[PDB]
Structure formats: C-alpha cells, structure tokens
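Just one chain is shown here, as structure tokens, and it is the form deposited in one PDB entry.
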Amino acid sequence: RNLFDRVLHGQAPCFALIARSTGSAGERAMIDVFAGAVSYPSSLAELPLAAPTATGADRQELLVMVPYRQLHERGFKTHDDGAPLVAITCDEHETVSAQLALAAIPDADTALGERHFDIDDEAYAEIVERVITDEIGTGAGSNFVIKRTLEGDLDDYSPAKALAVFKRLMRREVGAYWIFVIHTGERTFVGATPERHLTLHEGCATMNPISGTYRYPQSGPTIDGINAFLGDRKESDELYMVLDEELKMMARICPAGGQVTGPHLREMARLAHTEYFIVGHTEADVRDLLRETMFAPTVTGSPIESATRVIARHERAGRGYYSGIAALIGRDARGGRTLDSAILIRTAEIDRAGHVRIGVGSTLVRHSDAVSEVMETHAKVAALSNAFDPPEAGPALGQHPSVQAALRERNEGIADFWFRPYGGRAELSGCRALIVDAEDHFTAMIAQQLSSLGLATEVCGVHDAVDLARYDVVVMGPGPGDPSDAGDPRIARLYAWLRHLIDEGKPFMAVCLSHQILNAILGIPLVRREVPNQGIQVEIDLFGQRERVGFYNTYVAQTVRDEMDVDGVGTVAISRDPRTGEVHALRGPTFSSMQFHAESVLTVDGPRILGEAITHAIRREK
C-alpha cells in the first residue's frame, strides 16, 4: 500500500480516495486510491483524454470535477463564482482494504468553528414559500431545489483534517454511492453522496433519480415512521416528478430511451430516500454525455433551463461545485469507454484557508411544507456534520452536573480519616495496645486509627497465647458468627478472653462480636435483629452525645437498664436506644465496649470515639 502511505504523508499533493459501491456479499470493503497531475481545461470538449487504449484490465484515466458554472456550456445562466473545471490524471491507482486504511489515518480535531447556515432556518422557509407561490405558482415548472450552505472554519487546516473527516464518514455513514476525499490543490472535497450522476459500462448508461426523504428520529428509524413516509402523497409525487425528468434526459442521451426499475428504499445513517433506476443504451462520447446531462433534475429542478433561472433568481451566491459532478473516466479491459460519476451533494468543499462550505437543498413541489423542507435540509447534512463534530465527543453522562453532585454527596458525613493523605494522619501517647483478631480484618483498620492516637499496636489471633504485662490495653475484635454460639471454638475462646480480662481487671475495649459476648457475660440478653444492621450508618445517642456510626451486625444486646450492677464486676453504665432497648455501648469499671465500628468509613469522628473508649478503659490505671 505504498500509494496510500504517500497520500498519508503528504507526498502526493493531488489525490483522491474513493470508497465505491462495487463490492459483493462477504467481501471486505476496498478504497480506490488515485494520484496524479491537476489541470484546468477550458471546456468539457478539451478534457485531456487519449485515443482508445486497451490493457486487458479496467483502468481509470481521469477524475474530473465539474462545477455548477459549467452550465455556460449549455447556454444557461449561472452566478459565476470562478469555480474551475478540474481534471486529475490518474497516473497512479491502487486499491487498499477499508479497515487497514482507516486504521492508518490519524485522528485530528475537525470541530467546525463559527458553524452556521448562511441562510438561517427562518430566511430559508421564506425562500421556499416564494419558490412555491411565485415560481411553481406561475408556471416556471413543477419542482426546484434551492441551495443553502452550512459554513464553518477549521482551525489549522491541512488535508490530514479532511482525511480524518473521511475516516469518520466511512465508519458512520451507510447507503452512499461514494464516500470520498478529493484534494485538487485549489480545494478539498469530502462527502458521502447517495446518488450516481451517470454511469456507462459497455454502452449501458444508468441514472438514479432519488427524491423523498424520511428523516430518522434521534432515537432511530422505525417501521411505523417509514410506513407513514411511504404513504405520504407529497413524497410519492416528488419521486414521480424526478423520475419523469430523468426519463427526459435518458430519452435525449439514449436513442431508444430509458427503462425504469425500482423503486427502492435507500437507507442512510440519519435518513432514508426513495429512488428509481433508469437504464439505456448509448454510444455518445463521454464529453458530450457529461455536457448534455448537466445537471440532474434532482438537484436543480424541471424543466432544466427554467430551473437555472429560478435558481439564479433566488440564490444570491454561486454554487461552487454543489449539484455538480465528480466523474471517473476510464477504459474497460478491451478499450471501451467507462464512466462512473457521482453527484456532488452531501459534500464539504474546503478552501485553502480551512473554510468549509456544505451545500444542501431539497426538492420543492406544490405541496411542500416550508418547515418540513427546513428539517429535511438538517437531516441531509446530519451525517457529514457529525463527521466534523461527532456527538460522542460531547460530555459523558458521568460528567453531568447531577451525577457529579450525587457522587460528591457520598463523601459528606462519612469518615474523614480515610480520605486524608497517607501520612497525613494525649493521655494515650505512651500506650501499648494488643488487638485480638476474631477473623475480621477490621482489626487492621482499628490499628491504624489507634496509631494516629499515639498508641503502639500489635495484632494477634484469638487462639494465640500472649503476655498481657506488655500491654496497657487489650482490644477484643469483631468477627462473624452468632455471639450466643458458645460451641464454636473461636467464639468460646472469645468468652474465655473476656472472662479473664474482667477477672484480672485488665483494661480492655470490646468491639461488635466481642461487645456482644461481653454483654452475655454480664447477663444482658442477646437477640437477632429482625432487620440486620449490616453495613449501615445510624445516628445514635452515645452516653449523652449524638454520634453517627457505622454498624455491621446481625445480633444485638437488649435491656431496659441504663445502669446495672454485676457480680464480680461492679457498676456497668449502658448506652442504649431508649425506644428499643438495643445496647450501643458499655462503660464498666475497667473496660469499654461498642456494638458499632468506630474504624469504619461509615463512622464520623471514629478516632475521637476510639480515644474516648480507650481512655475510659484505662481509667483505673495510675
């Protein structure tokens, strides 16, 4: 793929990439790549075409761009904007697989700056009504097309940008006759046109009159919408008119006239069109065929000469190449003339300064509705406009302000500690704590918060033997299971630890499971909560202070008492929900306990709470 690579790296100053409608069933799509010399011939009669040659293979000779003003050759009048007749000799021609080629095209920002229609929707509606009332309504003819132009500016234009637009069009648009980027030096063209102008192969000429448009809803095409479209009298008349008008042209170019087939629905990305085909036989010279078919009635109107006059009366600007022709003129294997040509609609012309002009119109008929015709022009430019400014470039749903706010709110009224930088983040200063893990690594989190209070910490397991003299305070940790299940070895072992710490008067703080076990040791009932408090933030009164704490428990201790006296222990102060009797925490003579998890991300001010709990536990130490 050396030609393609050279077009890509700037080494082919004049080039065309054309993805055509020739491929078959389960074939990969291919892109024709052309390069050669540009010239500006002074008429169609002077296209630089050699005498007949045969190679044994199909071969293209020239790519010709015919502007609207070329109608002077038919003696018709036109606003002359100086758009030249352009011919590119096809000195080189290669084909490349679509997928590989597209992969090699680098993306580029092609957002259209100062994007606007030269004739805005309200002004365009008024023109449409004038054409219907003052042209159709006075006998100029039956249908006409009036161009308006979508305009914008490309920042920092180079043909790389045009290749990027072409790439998007190839990835998104369907139902096109050609998708192309043609760079002539003077100008760049990028488009996705649904309509051949004229083809010729082995004396067989084909035209494709297309009119009637179903605009897809943003949510997509539907069967009800397409059925209502195909039952619409205006849309069906419109197609019949352009069929008649292409039959006229075929009757002039082909001595036995044209034969119609179809109609067919052509489906594109943002709209569908109804179309017919016409075929016939001709042996006229390509130059004469091109001249005599300038330009299709689907993009001017009918009768053709009267349409040129309506067009001139209502368009202030010239048309450039809008409604014109891109024509590949060639030879077949054995030397007969070949023509493949497309109508220049759904196309951007980009000038050397990066200014983009996208011409668009619609077939206006006696029963046209001006507002619907405005909407039809937006539908027709939608795929090319999207190729410049893809709607997926816009902000994601995740960036919507309601989503960002909802996400930020999750962080309000939860633990500050865990959001603080790594490190980052007292009577307790000297203090050594042993944390006994009962098979829940919440312990590691209790240890980090205790360390921030100034304690040195060590973690063991329930089943280990330790020397308690090395510690000032023991933390009895959380864990799974039912605190009443004393025939589980691990739970039984928790009972033995708590009974020993109580009996020794060793300061301790009991968390969740160990809090529950402590309650049972002190004679307070345990019960299963009907709705488990497993992973919930609950506001509680904790010994006269309102706190917001994280719970992970299915079971709870329950009592009517705020204070009790317990044998072998002394007075135990109880913080409880006054409505249910559920126990939140205990303060005893040499210990504290909590049902909730101070260390959880769901506790507000966990370290302070843990500090208060430990401070209480060591109250008898001197």
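For clarity, a rigid core is taken as the largest C-alpha set superposing within 1.5 Å between two forms. All residue numbers are counted from 1 along the displayed sequence.
Participant: Does the entry skip any residues of the deposited sequence between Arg425 and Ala426, and if so, is it 1 to 3, 4 to 9, or 10 or more, or none at all?
Facilitator: In the record, 4 to 9 residues between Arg425 and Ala426 lack coordinates.
Participant: Using only C-alpha atoms and the B-factors in the entry, which stretch averages higher, 586 to 594 or 25 to 33?
Facilitator: According to the PDB entry, the answer is 25 to 33.
Participant: Hey, which bit's got the bigger mean C-alpha B factor in the entry, 540 to 548 or 390 to 398?
Facilitator: Stretch with the higher mean C-alpha B-factor: 390 to 398.
Participant: With respect to the C-alpha temperature factors reported in the PDB entry, which of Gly141, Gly324, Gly479, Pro421 ranks highest?
Facilitator: That would be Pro421.
Participant: Among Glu275, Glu129, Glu373, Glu246, which carries the highest Cα B-factor?
Facilitator: Max CA B-factor in the entry, restricted to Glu275, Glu129, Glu373, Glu246: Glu129.
Participant: Mind checking which third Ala12 falls in for C-alpha B-factor across the chain?
Facilitator: Highest third of the chain for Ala12's C-alpha B-factor.
Participant: Please place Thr95 in the lowest, middle or highest third of its chain by C-alpha B factor as given in the entry.
Facilitator: Its C-alpha B-factor belongs to the highest third of this chain's values.
Participant: What third of the chain, by the recorded C-alpha B-factor, contains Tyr157?
Facilitator: According to the entry, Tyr157 has a C-alpha B-factor in the chain's highest third.
Participant: Once the chain's modelled residues are ordered by C-alpha B factor and cut into thirds, is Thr457 in the lowest, middle or highest one?
Facilitator: Ranked within chain, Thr457 CA B lands in the highest tercile.
Participant: Give the position of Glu292 by CA B-factor within its chain, expressed as the lowest, middle or highest third.
Facilitator: CA B-factor rank for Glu292: middle third.
In what follows, reference is made to the form deposited in another entry, a form of this protein that is not presented.
Participant: Looking between the shown form and the other one after fitting on the rigid core, I'd like to know which of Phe543, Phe189, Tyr177, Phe117 has a C-alpha displacement of 2 Å or more.
Facilitator: The only residue crossing the 2 Å threshold is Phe543.
Participant: Answer yes if the CA of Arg490 moves 2 Å or more between the shown form and the other one after aligning the rigid core, and no otherwise.
Facilitator: Yes, because once the rigid core is superposed, the C-alpha of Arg490 moves 2 Å or more between the shown form and the other one.
Participant: So, superposing on the core, is the move of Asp577 at the CA at least 2 angstroms between the shown form and the other one?
Facilitator: Yes: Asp577 shifts by at least 2 Å between the shown form and the other one.
Participant: Align both forms on the core first, then report whether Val560 has a C-alpha shift of 2 Å or more between the shown form and the other one.
Facilitator: Yes, the C-alpha position differs by at least 2 Å between the shown form and the other one.
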